[PDB]
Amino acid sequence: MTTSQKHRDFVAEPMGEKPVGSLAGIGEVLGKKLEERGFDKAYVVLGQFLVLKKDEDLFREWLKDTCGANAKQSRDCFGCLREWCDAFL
């Protein structure tokens, strides 16, 4: 296992109303910027991931443009949503 514990905790169960900061790669700084843009719950970011048809390039670019995420942060967030979807969607 090379993922974080935080990734593993997110992908282990339905997300319900978890805040956006429950996503791997989304620390307090990125989480506040996402909340200020209306992406306050993790499921709203899931929504964007799905509207983009789970495309890595589009989602990771969107995250960068929306909250300033760097490459590692955006990879971690994408991977957490991708594995959650494989488990639950």
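Quick note: we count residues from 1 along the sequence shown, nothing fancier.
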Worksheet item: Looking at the entry, does 1 to 9 or 80 to 88 show the higher mean C-alpha B-factor?
Response: 1 to 9
Worksheet entry | Comparing 45 to 53 with 28 to 36, the one whose average Cα B-factor in the PDB entry is higher | 28 to 36
Worksheet, complete the sentence: Chain thirds by Cα B factor, record data; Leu23 belongs to the lowest
Fill in: CA B-factor ranking of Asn70, expressed as a third of its chain
highest
